[PDB]
Amino acid sequence: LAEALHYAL
Ligand SMILES: [Co+2]
């Protein structure tokens, strides 16, 4: 989750 989110952002 944490990194999926950083990527998306
Ligand atoms: Co990150």
# chains A, B, ... in the order shown; residues from 1 in each chain; ligands from 1
$ residues_near_ligand --ligand "ligand 1" --cutoff "8 Å" --atoms "only C-alpha atoms and all ligand atoms" --output "list in words"
residues 2, 3, 5, 6 and 7 of chain A
$ select_by_dssp --residues "chain A" --states "helix (DSSP H, G or I)" --output "CSV table (one decimal) with C-alpha atoms, in the first residue's frame"
chain,number,residue,atom,x,y,z
A,2,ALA,CA,2.5,2.7,1.1
A,3,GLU,CA,4.5,2.5,-2.1
A,4,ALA,CA,1.5,2.0,-4.4
A,5,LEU,CA,0.3,5.3,-3.0
A,6,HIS,CA,3.6,7.1,-3.3
A,7,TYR,CA,3.7,6.0,-7.0
A,8,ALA,CA,0.1,7.1,-7.7
$ decode --residues "chain A" --atoms "C-alpha atoms" --output "compact mmCIF listing (two decimals), in the first residue's frame"
# COMPACT_ATOMS: atom_id res chain seq x y z
CA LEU A 1 0.00 0.00 0.00
CA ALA A 2 2.48 2.67 1.14
CA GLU A 3 4.46 2.54 -2.07
CA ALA A 4 1.52 1.98 -4.45
CA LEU A 5 0.28 5.29 -2.99
CA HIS A 6 3.60 7.13 -3.33
CA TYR A 7 3.71 6.05 -6.99
CA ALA A 8 0.11 7.09 -7.72
CA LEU A 9 0.78 10.49 -6.11
